[PDB]
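Undergrad: entry.pdb (PDB, C-alpha atoms) pasted underneath:
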```pdb
ATOM      1  CA  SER A   1       1.018 -34.342  11.509
ATOM      2  CA  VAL A   2       2.095 -30.997  10.071
ATOM      3  CA  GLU A   3       5.578 -29.548  10.082
ATOM      4  CA  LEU A   4       6.484 -25.946   9.353
ATOM      5  CA  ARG A   5       9.933 -25.028   8.044
ATOM      6  CA  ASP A   6      11.626 -22.510   5.790
ATOM      7  CA  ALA A   7      10.765 -23.010   2.148
ATOM      8  CA  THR A   8      13.402 -23.656  -0.521
ATOM      9  CA  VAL A   9      13.239 -23.290  -4.306
ATOM     10  CA  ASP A  10      12.213 -26.961  -4.316
ATOM     11  CA  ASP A  11       8.923 -26.112  -2.564
ATOM     12  CA  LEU A  12       7.950 -23.554  -5.187
ATOM     13  CA  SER A  13       5.763 -25.847  -7.292
ATOM     14  CA  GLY A  14       3.678 -26.598  -4.213
ATOM     15  CA  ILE A  15       3.517 -22.944  -3.213
ATOM     16  CA  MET A  16       2.521 -22.047  -6.777
ATOM     17  CA  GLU A  17      -0.386 -24.475  -6.668
ATOM     18  CA  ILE A  18      -1.744 -22.928  -3.512
ATOM     19  CA  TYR A  19      -1.191 -19.435  -4.901
ATOM     20  CA  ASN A  20      -2.841 -20.140  -8.229
ATOM     21  CA  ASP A  21      -5.766 -21.759  -6.439
ATOM     22  CA  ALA A  22      -6.339 -18.562  -4.450
ATOM     23  CA  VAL A  23      -6.049 -16.541  -7.643
ATOM     24  CA  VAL A  24      -8.845 -18.556  -9.230
ATOM     25  CA  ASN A  25     -11.171 -19.523  -6.371
ATOM     26  CA  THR A  26     -10.831 -16.893  -3.657
ATOM     27  CA  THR A  27     -10.694 -13.209  -2.834
ATOM     28  CA  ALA A  28      -7.404 -13.661  -0.933
ATOM     29  CA  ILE A  29      -5.504 -12.520  -4.009
ATOM     30  CA  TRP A  30      -6.851  -9.540  -5.907
ATOM     31  CA  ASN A  31      -5.677 -10.776  -9.259
ATOM     32  CA  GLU A  32      -7.090 -13.184 -11.859
ATOM     33  CA  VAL A  33      -3.897 -14.197 -13.691
ATOM     34  CA  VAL A  34      -2.207 -17.490 -12.747
ATOM     35  CA  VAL A  35       1.589 -17.355 -12.614
ATOM     36  CA  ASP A  36       4.262 -19.791 -13.710
ATOM     37  CA  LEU A  37       7.193 -21.314 -11.816
ATOM     38  CA  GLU A  38       9.605 -18.683 -13.122
ATOM     39  CA  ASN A  39       7.333 -16.015 -11.660
ATOM     40  CA  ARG A  40       7.299 -17.684  -8.257
ATOM     41  CA  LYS A  41      11.077 -18.136  -8.469
ATOM     42  CA  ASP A  42      11.473 -14.358  -8.872
ATOM     43  CA  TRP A  43       9.009 -13.802  -6.012
ATOM     44  CA  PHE A  44      10.928 -16.228  -3.794
ATOM     45  CA  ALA A  45      14.229 -14.549  -4.674
ATOM     46  CA  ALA A  46      12.864 -11.074  -3.918
ATOM     47  CA  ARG A  47      11.767 -12.201  -0.429
ATOM     48  CA  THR A  48      15.082 -13.959   0.249
ATOM     49  CA  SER A  49      17.100 -10.900  -0.765
ATOM     50  CA  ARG A  50      15.234  -8.641   1.667
ATOM     51  CA  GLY A  51      15.569 -11.221   4.414
ATOM     52  CA  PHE A  52      11.818 -11.801   4.334
ATOM     53  CA  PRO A  53      10.627 -15.220   5.527
ATOM     54  CA  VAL A  54       8.826 -17.797   3.392
ATOM     55  CA  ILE A  55       7.487 -20.637   5.513
ATOM     56  CA  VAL A  56       5.742 -23.780   4.313
ATOM     57  CA  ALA A  57       3.516 -26.217   6.197
ATOM     58  CA  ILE A  58       4.332 -29.798   5.142
ATOM     59  CA  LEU A  59       1.637 -32.503   5.234
ATOM     60  CA  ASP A  60       2.230 -35.951   3.753
ATOM     61  CA  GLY A  61       5.437 -34.728   2.134
ATOM     62  CA  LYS A  62       3.380 -32.067   0.329
ATOM     63  CA  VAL A  63       3.023 -28.294   0.786
ATOM     64  CA  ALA A  64      -0.294 -27.839   2.613
ATOM     65  CA  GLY A  65       0.235 -24.142   3.306
ATOM     66  CA  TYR A  66       2.691 -21.248   3.180
ATOM     67  CA  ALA A  67       3.135 -17.777   4.596
ATOM     68  CA  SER A  68       5.381 -14.773   4.171
ATOM     69  CA  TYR A  69       5.541 -11.034   4.773
ATOM     70  CA  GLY A  70       7.103  -8.096   2.983
ATOM     71  CA  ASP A  71       6.698  -4.374   2.348
ATOM     72  CA  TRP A  72       3.345  -2.824   3.222
ATOM     73  CA  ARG A  73       4.249   0.614   1.832
ATOM     74  CA  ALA A  74       7.388   1.028  -0.303
ATOM     75  CA  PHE A  75       9.122   3.739   1.711
ATOM     76  CA  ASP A  76      12.148   3.798   4.005
ATOM     77  CA  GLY A  77       9.957   5.194   6.783
ATOM     78  CA  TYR A  78       8.105   1.880   6.965
ATOM     79  CA  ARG A  79      11.236  -0.226   7.616
ATOM     80  CA  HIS A  80       9.648  -1.635  10.771
ATOM     81  CA  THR A  81       6.251  -2.420   9.224
ATOM     82  CA  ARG A  82       5.526  -5.514   7.161
ATOM     83  CA  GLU A  83       2.381  -6.871   5.528
ATOM     84  CA  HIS A  84       1.933 -10.631   5.975
ATOM     85  CA  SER A  85      -0.005 -13.229   4.022
ATOM     86  CA  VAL A  86      -1.007 -16.772   4.949
ATOM     87  CA  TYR A  87      -2.367 -19.403   2.552
ATOM     88  CA  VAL A  88      -3.652 -22.896   3.317
ATOM     89  CA  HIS A  89      -4.198 -25.519   0.608
ATOM     90  CA  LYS A  90      -7.887 -26.024  -0.270
ATOM     91  CA  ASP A  91      -7.693 -29.707   0.673
ATOM     92  CA  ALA A  92      -5.967 -29.098   4.023
ATOM     93  CA  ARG A  93      -8.284 -26.678   5.823
ATOM     94  CA  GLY A  94      -9.580 -27.272   9.340
ATOM     95  CA  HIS A  95      -6.286 -28.563  10.716
ATOM     96  CA  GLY A  96      -5.065 -25.384  12.382
ATOM     97  CA  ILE A  97      -2.401 -24.885   9.752
ATOM     98  CA  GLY A  98      -3.399 -21.238   9.240
ATOM     99  CA  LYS A  99      -2.859 -20.177  12.848
ATOM    100  CA  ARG A 100       0.429 -22.072  13.110
ATOM    101  CA  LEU A 101       1.703 -20.326   9.991
ATOM    102  CA  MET A 102       0.696 -16.858  11.165
ATOM    103  CA  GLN A 103       2.228 -17.511  14.583
ATOM    104  CA  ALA A 104       5.397 -18.572  12.814
ATOM    105  CA  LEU A 105       5.453 -15.206  11.022
ATOM    106  CA  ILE A 106       4.784 -13.275  14.221
ATOM    107  CA  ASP A 107       7.725 -15.050  15.852
ATOM    108  CA  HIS A 108      10.025 -14.326  12.909
ATOM    109  CA  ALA A 109       8.849 -10.720  12.725
ATOM    110  CA  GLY A 110       9.491 -10.157  16.415
ATOM    111  CA  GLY A 111      13.067 -11.325  15.959
ATOM    112  CA  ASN A 112      13.578  -9.488  12.676
ATOM    113  CA  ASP A 113      13.240  -5.917  13.945
ATOM    114  CA  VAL A 114       9.599  -5.758  12.883
ATOM    115  CA  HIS A 115       7.504  -3.421  15.002
ATOM    116  CA  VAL A 116       4.147  -3.774  13.219
ATOM    117  CA  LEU A 117       2.398  -6.432  11.124
ATOM    118  CA  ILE A 118      -0.350  -5.353   8.752
ATOM    119  CA  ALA A 119      -3.033  -7.589   7.325
ATOM    120  CA  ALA A 120      -5.109  -6.764   4.221
ATOM    121  CA  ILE A 121      -8.172  -9.016   4.383
ATOM    122  CA  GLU A 122     -11.188  -9.150   2.069
ATOM    123  CA  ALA A 123     -13.863  -7.583   4.287
ATOM    124  CA  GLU A 124     -16.343 -10.478   4.021
ATOM    125  CA  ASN A 125     -13.761 -13.140   4.850
ATOM    126  CA  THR A 126     -14.996 -13.787   8.413
ATOM    127  CA  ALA A 127     -12.707 -16.799   8.865
ATOM    128  CA  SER A 128      -9.564 -14.737   8.199
ATOM    129  CA  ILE A 129     -10.631 -11.820  10.413
ATOM    130  CA  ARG A 130     -11.363 -14.174  13.315
ATOM    131  CA  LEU A 131      -8.018 -15.918  12.779
ATOM    132  CA  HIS A 132      -6.170 -12.624  13.045
ATOM    133  CA  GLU A 133      -8.172 -11.478  16.071
ATOM    134  CA  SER A 134      -7.290 -14.756  17.785
ATOM    135  CA  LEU A 135      -3.687 -13.660  17.341
ATOM    136  CA  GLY A 136      -4.047 -10.176  18.787
ATOM    137  CA  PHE A 137      -4.695  -8.234  15.584
ATOM    138  CA  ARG A 138      -6.897  -5.146  15.881
ATOM    139  CA  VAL A 139      -9.215  -3.885  13.141
ATOM    140  CA  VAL A 140      -7.840  -0.626  11.729
ATOM    141  CA  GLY A 141     -10.551   0.087   9.197
ATOM    142  CA  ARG A 142     -12.491  -1.061   6.160
ATOM    143  CA  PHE A 143     -11.954   0.432   2.711
ATOM    144  CA  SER A 144     -15.099   0.496   0.598
ATOM    145  CA  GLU A 145     -15.066  -0.938  -2.936
ATOM    146  CA  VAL A 146     -11.337  -0.418  -3.436
ATOM    147  CA  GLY A 147     -10.998  -3.712  -5.268
ATOM    148  CA  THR A 148     -12.741  -5.666  -7.976
ATOM    149  CA  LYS A 149     -12.857  -9.324  -8.929
ATOM    150  CA  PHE A 150     -15.506 -11.744 -10.206
ATOM    151  CA  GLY A 151     -17.245  -8.688 -11.619
ATOM    152  CA  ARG A 152     -17.996  -7.195  -8.207
ATOM    153  CA  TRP A 153     -16.688  -4.472  -5.887
ATOM    154  CA  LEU A 154     -14.588  -5.682  -2.957
ATOM    155  CA  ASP A 155     -13.921  -4.035   0.411
ATOM    156  CA  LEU A 156     -10.566  -4.234   2.181
ATOM    157  CA  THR A 157     -10.390  -4.669   5.953
ATOM    158  CA  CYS A 158      -6.990  -3.884   7.386
ATOM    159  CA  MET A 159      -5.719  -5.051  10.745
ATOM    160  CA  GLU A 160      -2.609  -4.366  12.745
ATOM    161  CA  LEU A 161      -0.553  -6.122  15.403
ATOM    162  CA  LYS A 162       2.097  -4.217  17.333
ATOM    163  CA  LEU A 163       5.063  -6.396  18.286
TER     164      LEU A 163
ATOM    165  CA  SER B   1      -3.827  34.924  -8.771
ATOM    166  CA  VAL B   2      -3.080  31.215  -9.008
ATOM    167  CA  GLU B   3      -3.695  29.011 -12.027
ATOM    168  CA  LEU B   4      -3.573  25.225 -12.401
ATOM    169  CA  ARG B   5      -2.456  23.209 -15.443
ATOM    170  CA  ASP B   6      -0.750  19.995 -16.522
ATOM    171  CA  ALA B   7       2.894  19.789 -15.511
ATOM    172  CA  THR B   8       5.469  19.523 -18.314
ATOM    173  CA  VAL B   9       9.110  18.455 -18.175
ATOM    174  CA  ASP B  10       9.896  22.162 -17.777
ATOM    175  CA  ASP B  11       8.200  22.190 -14.351
ATOM    176  CA  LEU B  12      10.235  19.271 -12.999
ATOM    177  CA  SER B  13      12.988  21.244 -11.260
ATOM    178  CA  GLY B  14      10.335  23.267  -9.425
ATOM    179  CA  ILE B  15       8.479  20.061  -8.523
ATOM    180  CA  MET B  16      11.773  18.540  -7.369
ATOM    181  CA  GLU B  17      12.381  21.454  -5.008
ATOM    182  CA  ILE B  18       8.958  21.145  -3.384
ATOM    183  CA  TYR B  19       9.368  17.387  -3.068
ATOM    184  CA  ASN B  20      12.830  17.632  -1.527
ATOM    185  CA  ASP B  21      11.709  20.299   0.883
ATOM    186  CA  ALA B  22       8.896  18.028   2.102
ATOM    187  CA  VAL B  23      11.368  15.183   2.567
ATOM    188  CA  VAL B  24      13.688  17.404   4.606
ATOM    189  CA  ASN B  25      11.255  19.228   6.926
ATOM    190  CA  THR B  26       7.951  17.353   6.976
ATOM    191  CA  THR B  27       6.171  14.062   7.524
ATOM    192  CA  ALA B  28       4.510  14.295   4.096
ATOM    193  CA  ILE B  29       7.059  11.828   2.689
ATOM    194  CA  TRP B  30       8.220   8.939   4.859
ATOM    195  CA  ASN B  31      11.919   8.746   3.989
ATOM    196  CA  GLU B  32      14.925  11.074   3.889
ATOM    197  CA  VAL B  33      15.789  10.516   0.237
ATOM    198  CA  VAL B  34      16.412  13.754  -1.642
ATOM    199  CA  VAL B  35      15.785  13.332  -5.378
ATOM    200  CA  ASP B  36      17.407  14.907  -8.442
ATOM    201  CA  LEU B  37      16.102  15.982 -11.847
ATOM    202  CA  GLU B  38      16.496  12.557 -13.488
ATOM    203  CA  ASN B  39      14.344  11.026 -10.769
ATOM    204  CA  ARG B  40      11.518  13.492 -11.473
ATOM    205  CA  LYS B  41      11.923  12.899 -15.204
ATOM    206  CA  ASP B  42      11.434   9.139 -14.854
ATOM    207  CA  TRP B  43       8.660   9.737 -12.341
ATOM    208  CA  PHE B  44       7.001  12.118 -14.786
ATOM    209  CA  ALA B  45       7.436   9.745 -17.734
ATOM    210  CA  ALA B  46       5.941   6.801 -15.824
ATOM    211  CA  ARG B  47       2.881   8.733 -14.715
ATOM    212  CA  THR B  48       2.311  10.142 -18.203
ATOM    213  CA  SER B  49       2.436   6.585 -19.599
ATOM    214  CA  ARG B  50      -0.054   5.263 -17.008
ATOM    215  CA  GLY B  51      -2.297   8.224 -17.746
ATOM    216  CA  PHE B  52      -1.882   9.521 -14.204
ATOM    217  CA  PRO B  53      -2.160  13.314 -13.921
ATOM    218  CA  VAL B  54       0.533  15.706 -12.741
ATOM    219  CA  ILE B  55      -0.960  19.090 -12.001
ATOM    220  CA  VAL B  56       0.979  22.174 -10.972
ATOM    221  CA  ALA B  57      -0.238  25.432  -9.483
ATOM    222  CA  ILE B  58       1.501  28.441 -10.995
ATOM    223  CA  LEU B  59       1.839  31.669  -9.041
ATOM    224  CA  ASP B  60       4.115  34.591  -9.899
ATOM    225  CA  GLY B  61       5.574  32.602 -12.786
ATOM    226  CA  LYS B  62       6.698  29.724 -10.566
ATOM    227  CA  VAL B  63       5.396  26.345  -9.364
ATOM    228  CA  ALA B  64       3.567  27.054  -6.107
ATOM    229  CA  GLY B  65       2.385  23.485  -5.696
ATOM    230  CA  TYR B  66       1.839  20.190  -7.472
ATOM    231  CA  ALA B  67      -0.455  17.201  -7.263
ATOM    232  CA  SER B  68      -0.730  13.700  -8.641
ATOM    233  CA  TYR B  69      -1.960  10.184  -7.990
ATOM    234  CA  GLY B  70      -0.823   6.683  -8.726
ATOM    235  CA  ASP B  71      -1.222   3.120  -7.525
ATOM    236  CA  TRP B  72      -2.431   2.576  -3.974
ATOM    237  CA  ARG B  73      -1.768  -1.174  -3.968
ATOM    238  CA  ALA B  74       0.227  -2.592  -6.883
ATOM    239  CA  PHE B  75      -2.358  -5.187  -7.915
ATOM    240  CA  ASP B  76      -4.643  -5.537 -10.961
ATOM    241  CA  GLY B  77      -7.722  -5.767  -8.747
ATOM    242  CA  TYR B  78      -7.069  -2.234  -7.451
ATOM    243  CA  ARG B  79      -7.084  -0.703 -10.921
ATOM    244  CA  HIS B  80      -9.945   1.661 -10.013
ATOM    245  CA  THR B  81      -8.333   2.817  -6.768
ATOM    246  CA  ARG B  82      -5.591   5.493  -6.744
ATOM    247  CA  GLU B  83      -3.637   7.181  -3.934
ATOM    248  CA  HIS B  84      -3.141  10.900  -4.369
ATOM    249  CA  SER B  85      -0.738  13.422  -2.940
ATOM    250  CA  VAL B  86      -0.845  17.203  -2.968
ATOM    251  CA  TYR B  87       2.033  19.524  -2.153
ATOM    252  CA  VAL B  88       1.896  23.261  -1.632
ATOM    253  CA  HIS B  89       5.142  25.248  -1.751
ATOM    254  CA  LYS B  90       6.126  26.393   1.754
ATOM    255  CA  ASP B  91       6.094  30.047   0.678
ATOM    256  CA  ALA B  92       2.692  29.844  -1.035
ATOM    257  CA  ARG B  93       0.509  28.647   1.830
ATOM    258  CA  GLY B  94      -2.829  30.236   2.710
ATOM    259  CA  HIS B  95      -3.842  30.843  -0.918
ATOM    260  CA  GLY B  96      -6.244  27.923  -1.238
ATOM    261  CA  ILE B  97      -3.791  26.177  -3.556
ATOM    262  CA  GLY B  98      -4.109  22.866  -1.722
ATOM    263  CA  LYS B  99      -7.877  22.610  -2.136
ATOM    264  CA  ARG B 100      -7.758  23.661  -5.776
ATOM    265  CA  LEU B 101      -5.075  21.087  -6.547
ATOM    266  CA  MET B 102      -7.017  18.299  -4.855
ATOM    267  CA  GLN B 103     -10.217  19.309  -6.603
ATOM    268  CA  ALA B 104      -8.360  19.127  -9.919
ATOM    269  CA  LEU B 105      -7.193  15.597  -9.027
ATOM    270  CA  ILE B 106     -10.765  14.665  -8.128
ATOM    271  CA  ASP B 107     -11.974  16.034 -11.477
ATOM    272  CA  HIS B 108      -9.341  14.188 -13.447
ATOM    273  CA  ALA B 109     -10.009  10.958 -11.540
ATOM    274  CA  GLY B 110     -13.723  11.263 -12.276
ATOM    275  CA  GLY B 111     -12.957  11.125 -15.972
ATOM    276  CA  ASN B 112     -10.247   8.517 -15.702
ATOM    277  CA  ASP B 113     -12.331   5.543 -14.576
ATOM    278  CA  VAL B 114     -11.172   5.938 -10.994
ATOM    279  CA  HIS B 115     -13.714   4.731  -8.455
ATOM    280  CA  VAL B 116     -11.904   5.484  -5.219
ATOM    281  CA  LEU B 117      -9.225   7.970  -4.155
ATOM    282  CA  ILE B 118      -7.189   7.087  -1.066
ATOM    283  CA  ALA B 119      -5.409   9.554   1.217
ATOM    284  CA  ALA B 120      -2.528   8.385   3.443
ATOM    285  CA  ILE B 121      -2.015  11.224   5.906
ATOM    286  CA  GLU B 122       0.470  11.411   8.781
ATOM    287  CA  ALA B 123      -1.888  11.242  11.791
ATOM    288  CA  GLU B 124      -1.041  14.550  13.511
ATOM    289  CA  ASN B 125      -1.364  16.520  10.278
ATOM    290  CA  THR B 126      -4.778  17.910  11.193
ATOM    291  CA  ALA B 127      -4.613  20.584   8.490
ATOM    292  CA  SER B 128      -4.296  17.942   5.786
ATOM    293  CA  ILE B 129      -7.082  15.885   7.370
ATOM    294  CA  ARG B 130      -9.404  18.908   7.391
ATOM    295  CA  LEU B 131      -8.520  19.755   3.778
ATOM    296  CA  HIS B 132      -9.467  16.236   2.672
ATOM    297  CA  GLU B 133     -12.685  16.387   4.723
ATOM    298  CA  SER B 134     -13.669  19.674   3.082
ATOM    299  CA  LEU B 135     -13.505  17.775  -0.203
ATOM    300  CA  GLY B 136     -15.573  14.786   0.862
ATOM    301  CA  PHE B 137     -12.941  12.351   2.110
ATOM    302  CA  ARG B 138     -13.913  10.253   5.104
ATOM    303  CA  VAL B 139     -11.758   8.508   7.670
ATOM    304  CA  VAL B 140     -11.207   4.780   7.272
ATOM    305  CA  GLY B 141      -8.878   4.225  10.199
ATOM    306  CA  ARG B 142      -5.535   4.996  11.802
ATOM    307  CA  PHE B 143      -2.477   2.748  11.797
ATOM    308  CA  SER B 144      -0.376   2.973  14.938
ATOM    309  CA  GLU B 145       3.373   3.557  14.765
ATOM    310  CA  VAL B 146       3.671   2.092  11.276
ATOM    311  CA  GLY B 147       6.286   4.652  10.302
ATOM    312  CA  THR B 148       9.349   6.389  11.715
ATOM    313  CA  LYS B 149      11.005   9.734  10.999
ATOM    314  CA  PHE B 150      12.852  12.421  12.966
ATOM    315  CA  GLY B 151      13.572   9.788  15.617
ATOM    316  CA  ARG B 152       9.909   9.118  16.431
ATOM    317  CA  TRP B 153       7.080   6.713  15.537
ATOM    318  CA  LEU B 154       4.406   7.992  13.172
ATOM    319  CA  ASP B 155       0.734   7.061  12.847
ATOM    320  CA  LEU B 156      -0.970   6.858   9.469
ATOM    321  CA  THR B 157      -4.597   7.973   9.076
ATOM    322  CA  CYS B 158      -6.108   6.798   5.826
ATOM    323  CA  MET B 159      -9.135   8.347   4.189
ATOM    324  CA  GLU B 160     -11.239   7.545   1.149
ATOM    325  CA  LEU B 161     -13.326   9.336  -1.465
ATOM    326  CA  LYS B 162     -15.657   7.221  -3.576
ATOM    327  CA  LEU B 163     -16.287   8.706  -7.036
TER     328      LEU B 163
END
```
If you convert what's in this file into structure tokens, what do you get?
TA:
Amino acid sequence: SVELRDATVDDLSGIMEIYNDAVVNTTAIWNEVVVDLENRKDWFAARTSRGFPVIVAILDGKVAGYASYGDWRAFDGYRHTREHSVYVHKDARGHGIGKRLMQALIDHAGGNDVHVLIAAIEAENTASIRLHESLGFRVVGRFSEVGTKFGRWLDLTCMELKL
Amino acid sequence: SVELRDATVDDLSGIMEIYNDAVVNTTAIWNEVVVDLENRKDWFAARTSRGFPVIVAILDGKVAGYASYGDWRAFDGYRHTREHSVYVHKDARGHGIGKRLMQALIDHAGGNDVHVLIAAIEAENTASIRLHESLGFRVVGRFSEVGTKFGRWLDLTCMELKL
């Protein structure tokens, strides 16, 4: 049984764990520096201030996933465009948590004057691309070797969903 | 004749004028925020610190255009990817200033450990698209209605140049 709800500062340690795991063992985050609670508290506050959602998926009283969206491009002209992110705990995959989280964001976006959702996915992450496509996202394009991690060049596949 | 060189604080008011003009009558900048001298000063100080170039084209003793690049995506993993912008003064068009400014940016980037240059062009700006193509940029994709200005939705065509 999984329940999604708005996150609170109390959920930050569980969100941090998921975040730091992606930083170390995935290409979902293009950064190699783990953050501390204070860093996630600032991140959480920044989202709250802008009215951006932060949703957690609760499994066994623990945070098994989280999702949020925010600026895609920092310009007033993009007011109606937001870039979303969805993360599922390494030990909670295969339960459909990912799709429920993304759907939760789509629903919030649609009611938050959001016209377009943008996804920045590591090009080789087939699971993520298929998840987005299953939700109506369309492939915009693939940027070649724009990122680097694990000592290798990474491509960025962007997708869009008009609301 | 036109000549290109590094911008100094003394070129900031001229740069400001070109920037503000773009904000007022074009889709080159997605917002309606007119900037003052202090803004350009901070902007100029931040780029100088990051080692990002600020090149101006001088014609008839005045700034006939300027160019620069900075972060594309504010993340450590994108350290070798930069987004550039080139602006030609409205009264100095048709002098090949645009191409020369972009070439200068490409040259600087090639010696600044930049692997990819990214162009974010308003979709209908065919002239800009062609200018980038003449310099080797290739289309990645086009985002639909991700921006708004002048009361209408704008599309964003992104292009890339691998160095």
Undergrad: How far is it from CA of residue 27 (chain B) to CA of residue 161 (chain A), in Å with one decimal?
TA: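 These atoms are spaced 22.7 Å apart.
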Undergrad: Figure out the distance between CA of residue 124 (chain B) and CA of residue 149 (chain B), please, to one decimal in Å.
TA: 13.2 Å
Undergrad: Could you put an axis-aligned box around every listed atom of region 65-82 of chain A, padded by 4 Å on each side, and send me its centre and edge lengths in Å to one decimal, as AutoDock Vina command-line options?
TA:
```
--center_x 6.2 --center_y -9.5 --center_z 5.2 --size_x 19.9 --size_y 37.3 --size_z 19.1
```
Undergrad: Here's the selection I'm unsure about, the ChimeraX specification (/B :<12) & /A; applied to the file above, which residues does it give, as number ranges by chain?
TA: A: 23, 27-33, 71-83, 114-120, 122, 137-163
Undergrad: Do you have the CA of residue 108 (chain B)-CA of residue 11 (chain B) distance handy?
TA: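 So the answer is 19.3 Å.
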Undergrad: Taking all atoms listed in the file into account, name the residue in B:84, B:95, B:90, B:40 that is nearest to residue 132 (chain B).
TA: B:84
Undergrad: Of the residues A:34, A:15, A:54, A:127, which is the one nearest to residue 93 (chain A), using only C-alpha atoms?
TA: A:127
Undergrad: Quick one: everything within 12 Å of residue 1 (chain B), counting only C-alpha atoms, minus sequence neighbours fewer than 3 positions away in the same chain. Send it as number ranges by chain.
TA: B: 4, 57-62, 64, 92, 95-97
Undergrad: What does region 13-65 of chain A look like written to a file with C-alpha atoms, as a PDB file, in the first residue's frame?
TA:
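Heads up, here's the output in part_35.pdb:
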```
ATOM      1  CA  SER A  13      15.525  13.165   5.812  1.00  0.00           C
ATOM      2  CA  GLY A  14      13.755  10.544   3.716  1.00  0.00           C
ATOM      3  CA  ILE A  15      13.794  12.736   0.623  1.00  0.00           C
ATOM      4  CA  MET A  16      17.494  13.428   1.199  1.00  0.00           C
ATOM      5  CA  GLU A  17      18.267   9.718   1.263  1.00  0.00           C
ATOM      6  CA  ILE A  18      16.589   9.168  -2.065  1.00  0.00           C
ATOM      7  CA  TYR A  19      18.273  12.255  -3.506  1.00  0.00           C
ATOM      8  CA  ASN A  20      21.733  11.339  -2.288  1.00  0.00           C
ATOM      9  CA  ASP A  21      21.269   7.814  -3.609  1.00  0.00           C
ATOM     10  CA  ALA A  22      20.567   9.194  -7.088  1.00  0.00           C
ATOM     11  CA  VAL A  23      23.581  11.471  -6.777  1.00  0.00           C
ATOM     12  CA  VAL A  24      25.828   8.487  -6.115  1.00  0.00           C
ATOM     13  CA  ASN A  25      24.314   5.597  -8.084  1.00  0.00           C
ATOM     14  CA  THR A  26      22.432   7.063 -11.035  1.00  0.00           C
ATOM     15  CA  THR A  27      22.483   9.519 -13.904  1.00  0.00           C
ATOM     16  CA  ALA A  28      19.185  11.079 -12.751  1.00  0.00           C
ATOM     17  CA  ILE A  29      21.129  13.839 -11.025  1.00  0.00           C
ATOM     18  CA  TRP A  30      24.047  15.366 -12.883  1.00  0.00           C
ATOM     19  CA  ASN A  31      26.047  16.046  -9.772  1.00  0.00           C
ATOM     20  CA  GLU A  32      28.399  13.966  -7.605  1.00  0.00           C
ATOM     21  CA  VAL A  33      28.188  15.872  -4.304  1.00  0.00           C
ATOM     22  CA  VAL A  34      25.843  14.572  -1.583  1.00  0.00           C
ATOM     23  CA  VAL A  35      23.930  17.265   0.295  1.00  0.00           C
ATOM     24  CA  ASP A  36      23.029  17.673   3.942  1.00  0.00           C
ATOM     25  CA  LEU A  37      19.673  18.248   5.647  1.00  0.00           C
ATOM     26  CA  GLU A  38      20.199  22.010   5.759  1.00  0.00           C
ATOM     27  CA  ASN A  39      20.647  21.961   1.988  1.00  0.00           C
ATOM     28  CA  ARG A  40      17.409  20.059   1.470  1.00  0.00           C
ATOM     29  CA  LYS A  41      15.667  22.410   3.911  1.00  0.00           C
ATOM     30  CA  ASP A  42      16.654  25.373   1.711  1.00  0.00           C
ATOM     31  CA  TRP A  43      15.541  23.437  -1.383  1.00  0.00           C
ATOM     32  CA  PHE A  44      12.198  22.619   0.243  1.00  0.00           C
ATOM     33  CA  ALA A  45      11.723  26.250   1.282  1.00  0.00           C
ATOM     34  CA  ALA A  46      12.511  27.537  -2.216  1.00  0.00           C
ATOM     35  CA  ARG A  47       9.834  25.253  -3.721  1.00  0.00           C
ATOM     36  CA  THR A  48       7.271  26.192  -1.058  1.00  0.00           C
ATOM     37  CA  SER A  49       7.834  29.915  -1.594  1.00  0.00           C
ATOM     38  CA  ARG A  50       7.173  29.658  -5.336  1.00  0.00           C
ATOM     39  CA  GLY A  51       4.112  27.524  -4.709  1.00  0.00           C
ATOM     40  CA  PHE A  52       5.860  24.544  -6.282  1.00  0.00           C
ATOM     41  CA  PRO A  53       4.667  21.108  -5.140  1.00  0.00           C
ATOM     42  CA  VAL A  54       6.775  18.544  -3.291  1.00  0.00           C
ATOM     43  CA  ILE A  55       4.994  15.205  -3.078  1.00  0.00           C
ATOM     44  CA  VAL A  56       6.158  12.089  -1.263  1.00  0.00           C
ATOM     45  CA  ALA A  57       5.095   8.465  -1.689  1.00  0.00           C
ATOM     46  CA  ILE A  58       4.802   6.789   1.733  1.00  0.00           C
ATOM     47  CA  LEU A  59       5.426   3.040   2.110  1.00  0.00           C
ATOM     48  CA  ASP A  60       5.632   1.392   5.528  1.00  0.00           C
ATOM     49  CA  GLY A  61       5.727   4.803   7.189  1.00  0.00           C
ATOM     50  CA  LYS A  62       8.839   5.599   5.126  1.00  0.00           C
ATOM     51  CA  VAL A  63       9.459   7.851   2.108  1.00  0.00           C
ATOM     52  CA  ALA A  64       9.611   5.477  -0.872  1.00  0.00           C
ATOM     53  CA  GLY A  65       9.587   8.241  -3.477  1.00  0.00           C
TER      54      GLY A  65
END
```
